[PDB]
Structure formats: C-alpha cells, structure tokens
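Source file: entry21.cif (mmCIF, N, CA and C atoms; chains and numbers go by the auth columns)
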data_structure
#
loop_
_atom_site.group_PDB
_atom_site.id
_atom_site.type_symbol
_atom_site.label_atom_id
_atom_site.label_comp_id
_atom_site.label_asym_id
_atom_site.label_seq_id
_atom_site.Cartn_x
_atom_site.Cartn_y
_atom_site.Cartn_z
_atom_site.B_iso_or_equiv
_atom_site.auth_seq_id
_atom_site.auth_asym_id
ATOM 1 N N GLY A 1 136.350 69.541 -21.385 0.00 1 X
ATOM 2 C CA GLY A 1 137.721 69.155 -21.832 0.00 1 X
ATOM 3 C C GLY A 1 137.750 68.677 -23.269 0.00 1 X
ATOM 4 N N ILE A 2 138.905 68.186 -23.694 0.00 2 X
ATOM 5 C CA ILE A 2 139.100 67.806 -25.086 0.00 2 X
ATOM 6 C C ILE A 2 138.135 66.709 -25.528 0.00 2 X
ATOM 7 N N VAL A 3 137.807 65.783 -24.638 0.00 3 X
ATOM 8 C CA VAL A 3 136.920 64.697 -25.035 0.00 3 X
ATOM 9 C C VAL A 3 135.526 65.230 -25.395 0.00 3 X
ATOM 10 N N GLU A 4 135.035 66.150 -24.580 0.00 4 X
ATOM 11 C CA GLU A 4 133.730 66.750 -24.799 0.00 4 X
ATOM 12 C C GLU A 4 133.697 67.519 -26.114 0.00 4 X
ATOM 13 N N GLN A 5 134.815 68.151 -26.449 0.00 5 X
ATOM 14 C CA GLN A 5 134.861 69.017 -27.621 0.00 5 X
ATOM 15 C C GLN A 5 135.203 68.294 -28.920 0.00 5 X
ATOM 16 N N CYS A 6 135.925 67.176 -28.817 0.00 6 X
ATOM 17 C CA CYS A 6 136.491 66.514 -30.004 0.00 6 X
ATOM 18 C C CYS A 6 136.065 65.074 -30.238 0.00 6 X
ATOM 19 N N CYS A 7 135.648 64.399 -29.169 0.00 7 X
ATOM 20 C CA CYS A 7 135.228 63.000 -29.222 0.00 7 X
ATOM 21 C C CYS A 7 133.710 62.862 -29.224 0.00 7 X
ATOM 22 N N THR A 8 133.045 63.430 -28.222 0.00 8 X
ATOM 23 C CA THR A 8 131.585 63.363 -28.153 0.00 8 X
ATOM 24 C C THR A 8 130.885 64.469 -28.951 0.00 8 X
ATOM 25 N N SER A 9 131.644 65.470 -29.377 0.00 9 X
ATOM 26 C CA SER A 9 131.193 66.384 -30.420 0.00 9 X
ATOM 27 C C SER A 9 132.297 66.504 -31.476 0.00 9 X
ATOM 28 N N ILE A 10 132.024 67.218 -32.561 0.00 10 X
ATOM 29 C CA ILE A 10 132.952 67.271 -33.677 0.00 10 X
ATOM 30 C C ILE A 10 134.130 68.170 -33.347 0.00 10 X
ATOM 31 N N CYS A 11 135.320 67.625 -33.557 0.00 11 X
ATOM 32 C CA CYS A 11 136.561 68.323 -33.264 0.00 11 X
ATOM 33 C C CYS A 11 136.807 69.426 -34.296 0.00 11 X
ATOM 34 N N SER A 12 137.759 70.292 -33.995 0.00 12 X
ATOM 35 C CA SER A 12 138.169 71.346 -34.915 0.00 12 X
ATOM 36 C C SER A 12 139.635 71.664 -34.685 0.00 12 X
ATOM 37 N N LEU A 13 140.259 72.258 -35.693 0.00 13 X
ATOM 38 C CA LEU A 13 141.639 72.664 -35.569 0.00 13 X
ATOM 39 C C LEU A 13 141.797 73.666 -34.449 0.00 13 X
ATOM 40 N N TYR A 14 140.841 74.587 -34.362 0.00 14 X
ATOM 41 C CA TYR A 14 140.855 75.589 -33.334 0.00 14 X
ATOM 42 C C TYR A 14 140.953 74.942 -31.957 0.00 14 X
ATOM 43 N N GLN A 15 140.099 73.964 -31.700 0.00 15 X
ATOM 44 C CA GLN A 15 140.105 73.289 -30.412 0.00 15 X
ATOM 45 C C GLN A 15 141.352 72.446 -30.173 0.00 15 X
ATOM 46 N N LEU A 16 141.813 71.727 -31.185 0.00 16 X
ATOM 47 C CA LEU A 16 143.019 70.920 -31.006 0.00 16 X
ATOM 48 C C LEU A 16 144.181 71.809 -30.589 0.00 16 X
ATOM 49 N N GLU A 17 144.312 72.967 -31.220 0.00 17 X
ATOM 50 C CA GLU A 17 145.434 73.836 -30.929 0.00 17 X
ATOM 51 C C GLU A 17 145.397 74.408 -29.507 0.00 17 X
ATOM 52 N N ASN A 18 144.236 74.369 -28.865 0.00 18 X
ATOM 53 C CA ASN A 18 144.148 74.739 -27.468 0.00 18 X
ATOM 54 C C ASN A 18 144.956 73.805 -26.594 0.00 18 X
ATOM 55 N N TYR A 19 145.255 72.611 -27.100 0.00 19 X
ATOM 56 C CA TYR A 19 145.985 71.612 -26.321 0.00 19 X
ATOM 57 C C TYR A 19 147.454 71.442 -26.706 0.00 19 X
ATOM 58 N N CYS A 20 147.917 72.207 -27.693 0.00 20 X
ATOM 59 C CA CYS A 20 149.343 72.272 -27.957 0.00 20 X
ATOM 60 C C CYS A 20 149.992 73.134 -26.892 0.00 20 X
ATOM 61 N N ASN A 21 151.255 72.858 -26.600 0.00 21 X
ATOM 62 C CA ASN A 21 151.992 73.726 -25.692 0.00 21 X
ATOM 63 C C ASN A 21 152.358 75.041 -26.372 0.00 21 X
ATOM 64 N N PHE B 1 141.226 66.006 -41.638 0.00 1 S
ATOM 65 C CA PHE B 1 141.312 64.902 -40.643 0.00 1 S
ATOM 66 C C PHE B 1 140.848 65.355 -39.269 0.00 1 S
ATOM 67 N N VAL B 2 140.779 66.662 -39.061 0.00 2 S
ATOM 68 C CA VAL B 2 140.457 67.178 -37.735 0.00 2 S
ATOM 69 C C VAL B 2 138.969 67.421 -37.530 0.00 2 S
ATOM 70 N N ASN B 3 138.206 67.557 -38.613 0.00 3 S
ATOM 71 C CA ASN B 3 136.806 67.975 -38.500 0.00 3 S
ATOM 72 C C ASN B 3 135.834 66.797 -38.466 0.00 3 S
ATOM 73 N N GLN B 4 136.004 65.985 -37.431 0.00 4 S
ATOM 74 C CA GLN B 4 135.206 64.798 -37.217 0.00 4 S
ATOM 75 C C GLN B 4 135.262 64.447 -35.741 0.00 4 S
ATOM 76 N N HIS B 5 134.523 63.422 -35.354 0.00 5 S
ATOM 77 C CA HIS B 5 134.644 62.893 -34.021 0.00 5 S
ATOM 78 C C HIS B 5 135.945 62.115 -33.941 0.00 5 S
ATOM 79 N N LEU B 6 136.766 62.483 -32.962 0.00 6 S
ATOM 80 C CA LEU B 6 138.069 61.856 -32.740 0.00 6 S
ATOM 81 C C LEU B 6 138.169 61.381 -31.301 0.00 6 S
ATOM 82 N N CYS B 7 138.331 60.078 -31.127 0.00 7 S
ATOM 83 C CA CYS B 7 138.396 59.487 -29.800 0.00 7 S
ATOM 84 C C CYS B 7 139.628 58.614 -29.610 0.00 7 S
ATOM 85 N N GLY B 8 140.110 58.577 -28.379 0.00 8 S
ATOM 86 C CA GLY B 8 141.197 57.691 -28.006 0.00 8 S
ATOM 87 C C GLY B 8 142.436 57.893 -28.845 0.00 8 S
ATOM 88 N N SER B 9 142.972 56.806 -29.395 0.00 9 S
ATOM 89 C CA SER B 9 144.210 56.896 -30.156 0.00 9 S
ATOM 90 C C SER B 9 144.042 57.814 -31.369 0.00 9 S
ATOM 91 N N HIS B 10 142.813 57.919 -31.874 0.00 10 S
ATOM 92 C CA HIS B 10 142.547 58.732 -33.053 0.00 10 S
ATOM 93 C C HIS B 10 142.734 60.223 -32.711 0.00 10 S
ATOM 94 N N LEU B 11 142.374 60.575 -31.489 0.00 11 S
ATOM 95 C CA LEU B 11 142.471 61.946 -31.027 0.00 11 S
ATOM 96 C C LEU B 11 143.934 62.291 -30.714 0.00 11 S
ATOM 97 N N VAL B 12 144.638 61.361 -30.086 0.00 12 S
ATOM 98 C CA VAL B 12 146.016 61.581 -29.774 0.00 12 S
ATOM 99 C C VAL B 12 146.846 61.727 -31.063 0.00 12 S
ATOM 100 N N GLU B 13 146.517 60.954 -32.090 0.00 13 S
ATOM 101 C CA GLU B 13 147.213 61.064 -33.366 0.00 13 S
ATOM 102 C C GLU B 13 146.998 62.445 -33.999 0.00 13 S
ATOM 103 N N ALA B 14 145.782 62.972 -33.898 0.00 14 S
ATOM 104 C CA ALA B 14 145.482 64.302 -34.434 0.00 14 S
ATOM 105 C C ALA B 14 146.290 65.376 -33.699 0.00 14 S
ATOM 106 N N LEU B 15 146.333 65.285 -32.364 0.00 15 S
ATOM 107 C CA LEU B 15 147.159 66.203 -31.578 0.00 15 S
ATOM 108 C C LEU B 15 148.626 66.144 -31.979 0.00 15 S
ATOM 109 N N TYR B 16 149.137 64.936 -32.162 0.00 16 S
ATOM 110 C CA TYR B 16 150.505 64.735 -32.601 0.00 16 S
ATOM 111 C C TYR B 16 150.770 65.430 -33.945 0.00 16 S
ATOM 112 N N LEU B 17 149.874 65.245 -34.913 0.00 17 S
ATOM 113 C CA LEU B 17 150.051 65.808 -36.247 0.00 17 S
ATOM 114 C C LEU B 17 149.908 67.328 -36.260 0.00 17 S
ATOM 115 N N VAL B 18 148.928 67.830 -35.533 0.00 18 S
ATOM 116 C CA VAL B 18 148.660 69.264 -35.519 0.00 18 S
ATOM 117 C C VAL B 18 149.695 70.036 -34.724 0.00 18 S
ATOM 118 N N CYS B 19 150.088 69.505 -33.571 0.00 19 S
ATOM 119 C CA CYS B 19 150.914 70.297 -32.669 0.00 19 S
ATOM 120 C C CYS B 19 152.405 70.315 -33.027 0.00 19 S
ATOM 121 N N UNK B 20 152.865 69.313 -33.770 0.00 20 S
ATOM 122 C CA UNK B 20 154.237 69.274 -34.270 0.00 20 S
ATOM 123 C C UNK B 20 155.208 69.399 -33.108 0.00 20 S
ATOM 124 N N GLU B 21 156.219 70.244 -33.283 0.00 21 S
ATOM 125 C CA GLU B 21 157.267 70.372 -32.281 0.00 21 S
ATOM 126 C C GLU B 21 156.815 71.077 -31.012 0.00 21 S
ATOM 127 N N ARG B 22 155.626 71.679 -31.023 0.00 22 S
ATOM 128 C CA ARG B 22 155.114 72.323 -29.816 0.00 22 S
ATOM 129 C C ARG B 22 154.792 71.298 -28.741 0.00 22 S
ATOM 130 N N UNK B 23 154.462 70.093 -29.175 0.00 23 S
ATOM 131 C CA UNK B 23 153.969 69.062 -28.292 0.00 23 S
ATOM 132 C C UNK B 23 152.574 69.425 -27.781 0.00 23 S
ATOM 133 N N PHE B 24 152.060 68.600 -26.883 0.00 24 S
ATOM 134 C CA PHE B 24 150.694 68.748 -26.445 0.00 24 S
ATOM 135 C C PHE B 24 150.479 68.063 -25.111 0.00 24 S
ATOM 136 N N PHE B 25 149.326 68.327 -24.521 0.00 25 S
ATOM 137 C CA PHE B 25 148.873 67.541 -23.395 0.00 25 S
ATOM 138 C C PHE B 25 147.518 66.932 -23.694 0.00 25 S
ATOM 139 N N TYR B 26 147.361 65.685 -23.282 0.00 26 S
ATOM 140 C CA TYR B 26 146.120 64.966 -23.446 0.00 26 S
ATOM 141 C C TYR B 26 145.573 64.603 -22.062 0.00 26 S
ATOM 142 N N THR B 27 144.445 65.219 -21.721 0.00 27 S
ATOM 143 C CA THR B 27 143.811 65.048 -20.423 0.00 27 S
ATOM 144 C C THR B 27 142.354 64.685 -20.640 0.00 27 S
ATOM 145 N N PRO B 28 142.071 63.390 -20.779 0.00 28 S
ATOM 146 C CA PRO B 28 140.704 62.982 -21.101 0.00 28 S
ATOM 147 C C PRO B 28 139.740 63.082 -19.929 0.00 28 S
ATOM 148 N N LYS B 29 140.266 63.059 -18.714 0.00 29 S
ATOM 149 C CA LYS B 29 139.405 63.116 -17.542 0.00 29 S
ATOM 150 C C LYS B 29 139.511 64.480 -16.898 0.00 29 S
ATOM 151 N N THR B 30 138.408 65.216 -17.012 0.00 30 S
ATOM 152 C CA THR B 30 138.259 66.584 -16.529 0.00 30 S
ATOM 153 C C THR B 30 136.953 67.121 -17.109 0.00 30 S
#
Encoded form (structure tokens):
Amino acid sequence: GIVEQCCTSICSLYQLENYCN
Amino acid sequence: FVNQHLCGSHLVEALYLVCXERXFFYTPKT
C-alpha cells in the first residue's frame, strides 16, 4: 500500500497519483 | 516535495497537493 511505497520507502509522483480518484 | 519519505500528515498533504480536484483516498492499513 501507500505506506510501503511512500513512507517506508521513497515516494514518487507516479505512486501518489495511483491514489488520486 | 514528492521524492522523499512521506509519512502521516506529511503524506496526506502531498496527496492533497498532487491530486487537486480529483481528490484521493488514504488507506494506511493494507
């Protein structure tokens, strides 16, 4: 999930946008 | 601002800024 991708590893715009509606 | 470790309120703020009017979902447990 987002925590694994952005908090415990380095986040990216690509990944953040996966969580926009 | 997005290319770093982002946790908690810091992560939610990034989602808010990036997603704009699209909105977003934040699901930390999964």
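Nearest-residue note for residue 3 (chain X): choosing from S:29, S:10, S:18, S:4, the minimum distance belongs to S:29, counting only C-alpha atoms.
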For CA of residue 17 (chain X) and atom C of residue 24 (chain S), the interatomic separation in Å (one decimal): 9.6 Å
Expected answer as an MDAnalysis selection string: helix (DSSP H, G or I) residues in chain S: chainID S and resid 9:22
Check: which chain X residues lie within 6 Å of chain S using all atoms listed in the file, as a PyMOL selection string: chain X and resi 1-3+6-7+9-13+19-21
Box centre and edge lengths (Å, one decimal), axis-aligned, region 10-15 of chain S plus 6 Å each side, as AutoDock Vina command-line options:
--center_x 145.5 --center_y 62.1 --center_z -32.1 --size_x 18.3 --size_y 20.3 --size_z 16.7
Atoms added to region 2-14 of chain X (N, CA, C and O atoms), reported as a PDB file, in the frame of the given file:
ATOM      1  N   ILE X   2     138.905  68.186 -23.694  1.00  0.00           N
ATOM      2  CA  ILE X   2     139.100  67.806 -25.086  1.00  0.00           C
ATOM      3  C   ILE X   2     138.135  66.709 -25.528  1.00  0.00           C
ATOM      4  O   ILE X   2     137.667  66.710 -26.657  1.00  0.00           O
ATOM      5  N   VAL X   3     137.807  65.783 -24.638  1.00  0.00           N
ATOM      6  CA  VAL X   3     136.920  64.697 -25.035  1.00  0.00           C
ATOM      7  C   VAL X   3     135.526  65.230 -25.395  1.00  0.00           C
ATOM      8  O   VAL X   3     134.910  64.818 -26.374  1.00  0.00           O
ATOM      9  N   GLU X   4     135.035  66.150 -24.580  1.00  0.00           N
ATOM     10  CA  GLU X   4     133.730  66.750 -24.799  1.00  0.00           C
ATOM     11  C   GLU X   4     133.697  67.519 -26.114  1.00  0.00           C
ATOM     12  O   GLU X   4     132.674  67.535 -26.818  1.00  0.00           O
ATOM     13  N   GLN X   5     134.815  68.151 -26.449  1.00  0.00           N
ATOM     14  CA  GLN X   5     134.861  69.017 -27.621  1.00  0.00           C
ATOM     15  C   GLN X   5     135.203  68.294 -28.920  1.00  0.00           C
ATOM     16  O   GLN X   5     134.795  68.763 -30.003  1.00  0.00           O
ATOM     17  N   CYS X   6     135.925  67.176 -28.817  1.00  0.00           N
ATOM     18  CA  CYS X   6     136.491  66.514 -30.004  1.00  0.00           C
ATOM     19  C   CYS X   6     136.065  65.074 -30.238  1.00  0.00           C
ATOM     20  O   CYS X   6     136.153  64.593 -31.367  1.00  0.00           O
ATOM     21  N   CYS X   7     135.648  64.399 -29.169  1.00  0.00           N
ATOM     22  CA  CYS X   7     135.228  63.000 -29.222  1.00  0.00           C
ATOM     23  C   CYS X   7     133.710  62.862 -29.224  1.00  0.00           C
ATOM     24  O   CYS X   7     133.151  62.272 -30.143  1.00  0.00           O
ATOM     25  N   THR X   8     133.045  63.430 -28.222  1.00  0.00           N
ATOM     26  CA  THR X   8     131.585  63.363 -28.153  1.00  0.00           C
ATOM     27  C   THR X   8     130.885  64.469 -28.951  1.00  0.00           C
ATOM     28  O   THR X   8     129.676  64.416 -29.162  1.00  0.00           O
ATOM     29  N   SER X   9     131.644  65.470 -29.377  1.00  0.00           N
ATOM     30  CA  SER X   9     131.193  66.384 -30.420  1.00  0.00           C
ATOM     31  C   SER X   9     132.297  66.504 -31.476  1.00  0.00           C
ATOM     32  O   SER X   9     133.384  65.932 -31.303  1.00  0.00           O
ATOM     33  N   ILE X  10     132.024  67.218 -32.561  1.00  0.00           N
ATOM     34  CA  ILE X  10     132.952  67.271 -33.677  1.00  0.00           C
ATOM     35  C   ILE X  10     134.130  68.170 -33.347  1.00  0.00           C
ATOM     36  O   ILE X  10     133.978  69.316 -32.908  1.00  0.00           O
ATOM     37  N   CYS X  11     135.320  67.625 -33.557  1.00  0.00           N
ATOM     38  CA  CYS X  11     136.561  68.323 -33.264  1.00  0.00           C
ATOM     39  C   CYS X  11     136.807  69.426 -34.296  1.00  0.00           C
ATOM     40  O   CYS X  11     136.124  69.513 -35.318  1.00  0.00           O
ATOM     41  N   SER X  12     137.759  70.292 -33.995  1.00  0.00           N
ATOM     42  CA  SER X  12     138.169  71.346 -34.915  1.00  0.00           C
ATOM     43  C   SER X  12     139.635  71.664 -34.685  1.00  0.00           C
ATOM     44  O   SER X  12     140.193  71.379 -33.612  1.00  0.00           O
ATOM     45  N   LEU X  13     140.259  72.258 -35.693  1.00  0.00           N
ATOM     46  CA  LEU X  13     141.639  72.664 -35.569  1.00  0.00           C
ATOM     47  C   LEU X  13     141.797  73.666 -34.449  1.00  0.00           C
ATOM     48  O   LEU X  13     142.752  73.595 -33.668  1.00  0.00           O
ATOM     49  N   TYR X  14     140.841  74.587 -34.362  1.00  0.00           N
ATOM     50  CA  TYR X  14     140.855  75.589 -33.334  1.00  0.00           C
ATOM     51  C   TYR X  14     140.953  74.942 -31.957  1.00  0.00           C
ATOM     52  O   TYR X  14     141.793  75.317 -31.146  1.00  0.00           O
TER      53      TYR X  14
END
